[PDB]
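Contents: one structure, followed by commentary.
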């Protein structure tokens, strides 16, 4: 792969607390249009949770997590940050960050839309 | 008519298209399971499994009519025979057998091509627009299938020239290129139209296929198509040829007078552009509007080019 995505910030935190994640894209991200996040736990398939547009910054969300997630991008470090507040028990899942080249479909929540992904980090809620 | 050297390169060109087409499909399908894309991989391997099965079923019927091991004795056994004689042709009525047997193989490759060139190009191009950039492996199958479509179509035209002397005016390089670009452009417009709908509702397009498929199947009955002997093969032949009519028209039985093609395309022009009016008048937020304009441009311009090429061919030769 031309670029490698690095995930960090995962850990163990009590219920109702806060925790920060960072996803770093090392390489050329000039052609990257969409990039976001996912939730994955055993017994279910991947579904989109949050995403943003690099060109503008309009943060598309999911109705299940609308009004709670805080997704921001910083071009100085070429990375994206994710903020939790007042966790819920079902948040325990694997968080992956992935990008996608610009195409035709405009719906950056579909699992099959994104091109390449990262290793992901384990997070749990107490 | 003597199986010259010139068309021998045309015949040997088949494998370096065919075997590359075959190896591309197998190398690409496992890659999808290697990357986790199970749906595309199993479905793209379904075409090659069905593609070689359909021709093999025709292969057994043709071989039995002309005449566990016989089960696998299909195209490869047939193809080795002509080159075994074809090598001697380069070395030096064997000519009658060579030309008749080769042109028989050519047509079976056409149905092997247009049941693997056009319908399989949908899945790859549907998996290329969705993910934006795609990779080298998917570019390989799309180009080789385009080469396979290009090679088989012009080969059929050569067969039409040699089978009967009615089209004596077909001589020349210009008819080869004009009719070739007729398929490559008219199909591309209709393929891109089906792909655009495919993102909206998968079920509607699939059910739309059955309505078009059965019309082609019924269209076989009215023309009384007859090329096979077995009653079961007769049922199968109208099934496979009817499926092709959904993608492009082929003047079944070669006894028409341009009447059915006009009807098939006068609805194509309203059907394809009618779809574009639906999206333009009723905007869809699902599709990005930035790249929707060039796609909307290339779907109509290519179709405009396709009908333009038709006037040159039929209007000066047919």
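Chains as they are written, first to last, in the entry's author numbering: chain B, 6 to 131; chain A, 1 to 67, 81 to 105, 119 to 344. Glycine is no exception: its CB is placed at the ideal position from the N, C-alpha and C atoms.
If you compare alpha carbons, which of the options is closest to residue i?
i                      : options                       : result
residue 202 of chain A : A/181, A/96 and A/258         : A/181
residue 7 of chain B   : B/37, B/23 and B/28           : B/37
residue 49 of chain B  : B/126, B/11 and B/116         : B/116
residue 275 of chain A : A/289, A/24 and A/265         : A/289
residue 102 of chain A : A/9, A/235, A/315 and A/313   : A/9
residue 80 of chain B  : B/27, B/45, B/110 and B/18    : B/27
residue 147 of chain A : A/260, A/44 and A/19          : A/44
residue 60 of chain A  : A/254, A/341 and A/295        : A/254
residue 136 of chain A : A/260, A/310, A/88 and A/100  : A/88
residue 294 of chain A : A/324, A/226 and A/332        : A/332
residue 16 of chain A  : A/184, A/174, A/91 and A/162  : A/174
residue 249 of chain A : A/264, A/104, A/321 and A/145 : A/264
residue 349 of chain A : B/118, B/18 and B/32          : With chain A covering 1 to 344 only, the question about residue 349 of chain A has no answer from this structure.
residue 74 of chain B  : B/56, B/30 and B/62           : B/56
residue 277 of chain A : A/125, A/246 and A/54         : A/246
residue 14 of chain A  : A/321, A/140, A/123 and A/92  : A/92
residue 30 of chain B  : B/13, B/44 and B/46           : B/13
residue 341 of chain A : A/205, A/262 and A/38         : A/205
residue 3 of chain A   : A/158, A/81, A/57 and A/96    : A/96
residue 49 of chain A  : A/29, A/215 and A/312         : A/29
residue 330 of chain A : A/307, A/298, A/313 and A/98  : A/298
residue 11 of chain B  : B/47, B/85 and B/63           : B/85
I'd like the span of the beta strand (DSSP E) that includes residue i, first residue to last.
i                      : result
residue 28 of chain B  : 25-31
residue 79 of chain B  : 75-79
residue 57 of chain B  : 52-58
residue 86 of chain B  : 84-88
residue 127 of chain B : 126-130
residue 10 of chain B  : 9-13
residue 124 of chain A : Not the beta strand (DSSP E): residue 124 of chain A falls in the alpha helix (DSSP H), residues 120-140.
residue 98 of chain B  : 98-101
residue 104 of chain B : 104-106
If you follow the alpha helix (DSSP H) that residue i is part of, which residue opens it and which one closes it?
i                      : result
residue 42 of chain B  : Note, residue 42 of chain B: premise wrong, no alpha helix (DSSP H); beta strand (DSSP E) at 37-45.
residue 290 of chain A : 285-307
residue 260 of chain A : 257-271
residue 94 of chain B  : That residue, residue 94 of chain B, is in no alpha helix (DSSP H); it is neither H nor E in DSSP.
residue 121 of chain B : Per DSSP, residue 121 of chain B belongs to no alpha helix (DSSP H) and is neither H nor E.
residue 104 of chain A : 88-104
residue 221 of chain A : 199-226
Distance, Cα to Cα, residue i vs residue j?
i                      : j                      : result
residue 123 of chain B : residue 47 of chain A  : 32 Å
residue 23 of chain A  : residue 292 of chain A : 39 Å
residue 188 of chain A : residue 21 of chain A  : 27 Å
residue 134 of chain A : residue 120 of chain B : 38 Å
residue 53 of chain B  : residue 231 of chain A : 26 Å
residue 207 of chain A : residue 132 of chain A : 20 Å
residue 172 of chain A : residue 24 of chain B  : 52 Å
residue 26 of chain A  : residue 167 of chain A : 10 Å
residue 78 of chain B  : residue 179 of chain A : 52 Å
residue 244 of chain A : residue 268 of chain A : 8 Å
residue 39 of chain B  : residue 108 of chain B : 10 Å
residue 285 of chain A : residue 344 of chain A : 13 Å
residue 94 of chain B  : residue 87 of chain B  : 18 Å
residue 251 of chain A : residue 279 of chain A : 7 Å
residue 213 of chain A : residue 226 of chain A : 20 Å
residue 170 of chain A : residue 151 of chain A : 13 Å
residue 19 of chain B  : residue 130 of chain B : 6 Å
residue 41 of chain A  : residue 101 of chain B : 24 Å
residue 65 of chain B  : residue 315 of chain A : 17 Å
residue 229 of chain A : residue 219 of chain A : 15 Å
residue 83 of chain A  : residue 337 of chain A : 47 Å
residue 335 of chain A : residue 123 of chain A : 36 Å
residue 54 of chain A  : residue 224 of chain A : 26 Å
residue 296 of chain A : residue 216 of chain A : 12 Å
residue 327 of chain A : residue 155 of chain A : 19 Å
residue 99 of chain A  : residue 339 of chain A : 33 Å
residue 51 of chain B  : residue 34 of chain B  : 24 Å
residue 142 of chain A : residue 261 of chain A : 21 Å
residue 300 of chain A : residue 140 of chain A : 26 Å
Whole-angstrom Cβ separation of residue i and residue j, contact assumed at under 8 Å?
i                      : j                      : result
residue 138 of chain A : residue 86 of chain A  : Rounded, the Cβ-Cβ distance is 16 Å, inconsistent with contact.
residue 128 of chain A : residue 11 of chain A  : 6 Å
residue 325 of chain A : residue 302 of chain A : 7 Å
residue 32 of chain B  : residue 9 of chain B   : 7 Å
residue 158 of chain A : residue 106 of chain B : 4 Å
residue 272 of chain A : residue 238 of chain A : 4 Å
residue 15 of chain B  : residue 128 of chain B : 5 Å
residue 67 of chain B  : residue 114 of chain B : 7 Å
* Residues in the region 89-106 of chain B with C-beta within 9 Å of chain A's C-beta atoms, listed in sequence order? -> Going along the region 89-106 of chain B in chain order, one finds 105 and 106 with a Cβ nearer than 9 Å to chain A.
* Asked: According to a CB-to-CB cut-off of less than 9 Å, which residues of the region 140-159 of chain A neighbour chain B?
  -> 153, 154, 155, 156, 157, 158 and 159
* According to a CB-to-CB cut-off of less than 9 Å, which residues of the region 296-323 of chain A neighbour chain B? -> 311, 312, 313, 314, 315, 316, 317, 318 and 321
* **chain B contacts made by the region 219-244 of chain A, where a contact means CB separation under 8 Å** => 225
* Between the region 116-127 of chain B and chain A, which residues of the former have a C-beta closer than 9 Å to a C-beta of the latter? -> 117, 118, 119 and 120
* Under 7 Å (Cβ pairs) to chain A, residues found in the region 52-85 of chain B -> none
* Going along the chain, which residues of the region 16-48 of chain B sit with their C-beta nearer than 7 Å to a C-beta in chain A? -> none
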